[PDB]
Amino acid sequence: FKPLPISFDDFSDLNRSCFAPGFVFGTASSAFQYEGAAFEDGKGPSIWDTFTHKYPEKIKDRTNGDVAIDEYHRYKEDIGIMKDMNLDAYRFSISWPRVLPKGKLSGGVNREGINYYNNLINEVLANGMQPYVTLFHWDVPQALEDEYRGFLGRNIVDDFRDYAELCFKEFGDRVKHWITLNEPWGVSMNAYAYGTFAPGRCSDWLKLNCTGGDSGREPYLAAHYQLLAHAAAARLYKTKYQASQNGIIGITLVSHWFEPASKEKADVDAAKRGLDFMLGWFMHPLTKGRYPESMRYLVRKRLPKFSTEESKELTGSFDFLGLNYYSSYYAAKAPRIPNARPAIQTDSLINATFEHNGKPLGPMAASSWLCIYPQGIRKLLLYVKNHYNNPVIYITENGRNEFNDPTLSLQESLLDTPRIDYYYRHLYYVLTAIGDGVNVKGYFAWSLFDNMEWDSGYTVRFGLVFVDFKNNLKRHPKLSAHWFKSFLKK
């Protein structure tokens, strides 16, 4: 580490002029969290649609995404806010079942679905911003879940290649930045290892009230098919559409920073395994066509294998890496319990905590897994540069939350100084990583507006802009929106 020649003599010294003139600043979202219109204009149901209405008790506040923040009908006002804030880009996702209601290409193409994304894309570009588009953001068409168990069936790869091709042909003339998948670790672990996400599967002996499953086998299956789906969509783009469209394609991975519990070799080795089982799971295959050695050694037979052809297709199939960072953990070696039933969470032999002898690594945000350690982003960034031959990186999500509290007045709800604290220190550490040679090209805040946080429902708020859910979903910019607008003003 070696500091930055700045001199933070005023609070206003940290702004966009500190970054290269070409650095991209934007905000991110997903279709299920923002759009609304779940049954409208020919859209078919996703697994998240089904999960929330079938099992309301699996959602903290027993809510759903039928209306969400209604971006479907409010997109002009939303883009208007972005333009006023001086943003450079917008990262959003396309709903698979909105364009192809039955999943398969032979089920029919929803023309009205295609029209919505054309309107959104043209609005983004007309307001001096560039669209960064995510193909899959956890909303598997219900038809494919019913037919072959969605991402647990090999059938998903061919159907996902067809979906990607439809988006490339229809929107490819305007969209020059594509993202195939959004956080395959999250899907694998929360949908198949813990059971908190749709379809809510996990091993029965864990007593997490799951809908069937196996946490020692299914998470690995879901991750393997997700990687094959990515390779299919990425190879199609490069071989048939990249020479005429002139854009780039990548993938978004999520990772935490794992800090050794002590200086001991066992604790040093545990942190490394944490990174291998979270980040390495997806980056090894993407750069080398095989899983990390530690996963191969400790999972043995339960870890799927790539064919020769699958390895060739995967190796190097990305123009950039989309990195998502939020939290950090302390990692210590966990001893092998004799006769333990297999599960992905215990397979790595790590004890992950937020303290070392009762002393905290940092304070917590409203989500119980999010520990604030700004140094983690810089250390994660240097790990990617040094272990994965210095790829081009875009930070595709970064942020924190607060609790939804009905006793607070509007004025009180808009004074989000902890979020300002969070962005200031994380942005400082991104700048130090750039100083040390990391190829970071952009940064996207999660999120512009308050929204549904998956299984947590509307009990937490992640936005820069407050949404009044009791009065026609009114948009009320928080103090952090005004602060970010000033940061971006020259």
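Sequential numbering from 1, following the sequence displayed.
Colleague: Using the B-factors recorded in the PDB entry, average over the C-alpha atoms of 152-160 and of 300-308, then report which stretch comes out higher.
Modeller: According to the PDB entry, the answer is 300-308.
Colleague: On average, which has the higher Cα B-factor in the deposited entry, 174-182 or 96-104?
Modeller: According to the PDB entry, the answer is 96-104.
Colleague: Highest Cα B-factor in the deposition, which of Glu264, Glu218, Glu71, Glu397?
Modeller: So the option with the highest C-alpha B-factor is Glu264.
Colleague: Can you pull the Cα B-factors for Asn209, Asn246, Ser413, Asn119 from the entry and say which is highest?
Modeller: Highest C-alpha B-factor among the listed residues goes to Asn209.
Colleague: With respect to C-alpha B-factor, does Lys43 fall in the lowest, middle or highest third of the chain as deposited?
Modeller: Answer is lowest: the recorded C-alpha B-factor places it there.
Colleague: Can you tell me which third, lowest, middle or highest, the CA B-factor of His426 falls into for its chain?
Modeller: Within its chain, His426 is a lowest-third residue by C-alpha B-factor, going by the deposited values.
Colleague: Could you tell me which third, lowest, middle or highest, the C-alpha B-factor of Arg461 occupies within its chain?
Modeller: It falls in the bottom third of the chain.
Colleague: Can you tell me whether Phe449 has a C-alpha B-factor in the lowest, middle or highest third compared with the other modelled residues of the same chain?
Modeller: For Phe449, the deposited C-alpha B-factor lands in the lowest third.
Colleague: Consider only the C-alpha atoms of the modelled residues in this chain, order them by B-factor as the entry records it, and name the third containing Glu123: lowest, middle or highest.
Modeller: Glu123: CA B-factor falls in the middle third of its chain.
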